[PDB]
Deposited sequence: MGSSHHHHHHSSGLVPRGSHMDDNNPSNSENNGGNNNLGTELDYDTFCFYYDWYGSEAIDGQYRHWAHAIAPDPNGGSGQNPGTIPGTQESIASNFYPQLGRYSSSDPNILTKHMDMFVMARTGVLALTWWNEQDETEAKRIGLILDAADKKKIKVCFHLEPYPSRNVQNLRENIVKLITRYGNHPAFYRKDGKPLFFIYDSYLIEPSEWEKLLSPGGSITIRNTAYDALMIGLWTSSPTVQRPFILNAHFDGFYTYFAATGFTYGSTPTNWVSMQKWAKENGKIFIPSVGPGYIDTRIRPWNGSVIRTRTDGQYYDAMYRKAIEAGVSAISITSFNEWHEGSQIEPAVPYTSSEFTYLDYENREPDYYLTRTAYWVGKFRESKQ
């Protein structure tokens, strides 16, 4: 009843800084997005951070070993066995440092780490192959590196930005630059966004091993509408694909995207999280992803948050629930998922 689940993947962000470690409050300070249809910047002061909520751990650094210890203890409380790490191909010493610290901290608690491959500049199947080789070579022998039946696993955000004819070269067994049957073979999980008429042939022709949905906001896409999950799972099973639906506790991003209020999803003291997690389990899936551990900008985090009012903003909080409620409610749902496996 307390063991970690290694079919539960929680999306984790390593881009936060503090004065203590980095010399700068990175990401707590953030540009405000212009409306797609001179917006300014959130300064990352104690009073004004780039979130509608306020972390229990304050304006922390993702490179602070003491913060990382606490985060791994939170994963243990939630029973979430896999940390799905955002990866932007920064190619700098700070990226390399933080990945190594995260792997070391995870292994102390028997947590595993996989990579979430983001839409970095000029991403294409050739530099993706080179980067998959780099990550497996650098980190594949670390004891915390995740494998499922011998294979690493990668999530690919906004995979539709690359044509299926390009994906086939990397992911078909006959592809020109294939990883299949090589030392670098891996489970590749693409993003299902829109309707089945578009997504079914995309996923088949790209040769993905499976698909996920990402968005914590119900109805944002066809794929993030949970009443579609039973039929998506049936299609996955008939076609030998792994479906990993994404569940989250709520959504609100209006500090950084003030024009995006129609995407707000209220937490209702945990009832929103309960409804989404129940739908994933009832669909009969073999793996679940959680959006998110700590995407504070988008208000999808399960990490503990505290009440806070400053001279500049009155933050949202988890009241009438306690700061660790979303960790303990995740553990409840992991138990119900395991009962169904």
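Unmodelled segments of the deposited chain, in sequence order: 1-38, 76-80, 385.
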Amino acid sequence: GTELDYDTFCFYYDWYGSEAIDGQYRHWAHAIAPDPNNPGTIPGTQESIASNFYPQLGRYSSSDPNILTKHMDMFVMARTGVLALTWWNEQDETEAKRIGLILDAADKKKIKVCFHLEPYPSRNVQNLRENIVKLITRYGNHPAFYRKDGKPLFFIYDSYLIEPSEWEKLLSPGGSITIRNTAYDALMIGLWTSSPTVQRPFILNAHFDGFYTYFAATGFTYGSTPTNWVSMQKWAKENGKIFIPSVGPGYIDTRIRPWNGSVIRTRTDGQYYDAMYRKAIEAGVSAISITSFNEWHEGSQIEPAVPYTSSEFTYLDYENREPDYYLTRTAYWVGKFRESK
From here on, numbers count along this sequence of modelled residues.
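Think of the rigid core as the biggest set of C-alphas that the two forms share within 1.5 Å after superposition.
Root-mean-square C-alpha deviation from the shown form, taken over all structures in 8 other deposited structures of this protein superposed by the rigid core, is larger for 23-31 than for the alternative among 270-278 and 23-31. With 94-102 and 208-216 compared on mean CA B-factor from the PDB entry, the stretch scoring higher is 94-102.
In this entry, 141-149 has the higher mean Cα B-factor, the comparison being between 126-134 and 141-149.
Between the residues 288, 32, 302, 57, it is 32 that shows the highest Cα B-factor in the PDB record. Of the candidates 267, 116, 71, 108, the PDB record gives 108 the highest C-alpha temperature factor. Sorting the modelled residues of the chain by their CA temperature factor places residue 168 in the middle third. The deposited CA B-factor of residue 273 belongs to the lowest third of values across its chain. The PDB entry assigns residue 18 a C-alpha temperature factor belonging to the lowest third of its chain's modelled residues. Annotation for residue 200: CA B-factor lies in the highest third of the chain's modelled residues. Per the PDB record, residue ranking by Cα B-factor puts residue 229 in the middle third of the chain.
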